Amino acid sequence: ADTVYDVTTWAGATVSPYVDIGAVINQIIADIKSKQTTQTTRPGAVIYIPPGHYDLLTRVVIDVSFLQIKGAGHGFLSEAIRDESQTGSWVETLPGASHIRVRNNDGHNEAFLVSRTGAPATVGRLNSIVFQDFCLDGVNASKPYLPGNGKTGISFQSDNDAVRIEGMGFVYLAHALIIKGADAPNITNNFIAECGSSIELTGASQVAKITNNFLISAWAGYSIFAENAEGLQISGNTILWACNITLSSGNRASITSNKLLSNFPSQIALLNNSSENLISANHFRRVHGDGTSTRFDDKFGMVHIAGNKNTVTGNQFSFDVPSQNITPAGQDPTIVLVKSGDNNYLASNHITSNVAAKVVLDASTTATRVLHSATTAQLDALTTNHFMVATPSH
């Protein structure tokens, strides 16, 4: 069929894909649109990227539904370690597989912009676009990569449904993946590392599914940021270095069965009246020194709750920070800060810390339940309006 392209064999390109794969992909998209021209004759296409090193100089703009862009793997190599190492004898010094080097010279910061102009009720949303098994690489960057090199890997900026980002590698980008106005996106089995932020669901979203990823962005941004987000599912992920899952007016999320590690506070922040979110069966680890920051002090919380009726159950909170590094100086660090809200619920969580640490209930909070989720020594209730069933202690 004529719906399958390989960027290196397609004879219609005016430029080499190794020199500018963005131009080649834009030219393929123009070809698709010249062939798929009515409401009922737009099934989409496959663009395959074989293993190779490809510069992108021109931003790709996608407004075609059901486009699959697929390569041979995530291609990750730690450019952070490379850039602190003597690499003269390294067999390879670049990320690989189907490797796009994001090197825009066109005035834009995105490698891929997924955007349709026009009101979605009138022209339709962008549907079931698939990015699979290739590598997006910002080439050069310094920690913590935000503002960094200012490069974005994939940015969806118009309303979309059932999009899919799977098996990809993202490295040395200020923003790996940004999806605005996402409905049922699937972000699964990716390897995102040494990036300023990993996943940002902006504007609003419904029922995003974020599963089975490595997310290893640094301390100036977010591993997962989601605003006006209903029904987020975050599970099966390994989120490292500076794990920061922030919901801003996010509700009815299910954040379960993840391995969560940060060298900084705010592993999960439920902000701006984020309510009825479940945090269950996660391992939380707070350590210190892989980078340092004063973005947060250690009273912010490993988990920070500003909202109602959230549920925190069955987790481990493991905290190991030398006392001399804890801020504000002389203060006990906070495991969970219930900053504001009503009827939040903490049950059956195990707190293991190298120094005395606390679940803090702000004086404004009401009806918080803390049930086998803190010994008496681990609870700092600044209001009598709470219910405590202590974890047994001496």
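Each residue number is its position in the shown sequence, starting from 1.
> Test of understanding: from the entry's C-alpha B-factors, which stretch has the higher mean, 112 to 120 or 94 to 102?
The stretch with the larger average C-alpha B-factor is 112 to 120.
> 72 to 80 versus 316 to 324: which one carries the higher mean Cα B factor per the record?
The recorded data point to 316 to 324.
> For the C-alpha B-factor as written in the entry, point me to the maximum among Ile351, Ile28, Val359, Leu346.
Going by the entry's C-alpha B-factors, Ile28 comes out highest.
> Sorting by Cα B-factor within the chain, modelled residues only, which third would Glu227 end up in: lowest, middle or highest?
As the PDB entry reports it, the C-alpha B-factor of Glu227 lands in the middle third of its chain.
> Looking at the entry's B-factor column for C-alpha atoms only, identify whether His175 ranks in the lowest, middle or highest third of its chain.
It falls in the middle third of the chain.
> Rank-wise, by C-alpha B-factor, drop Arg164 into the lowest, middle or highest third of its chain.
According to the entry, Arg164 has a C-alpha B-factor in the chain's middle third.
> According to the PDB entry, is the CA B factor of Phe66 in the bottom, middle or top third of its chain, that is, lowest, middle or highest?
Within its chain, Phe66 is a middle-third residue by C-alpha B-factor, going by the deposited values.
> Looking at the temperature factor on the CA atom of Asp183, which third of the chain's modelled residues does it land in?
According to the entry, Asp183 has a C-alpha B-factor in the chain's middle third.
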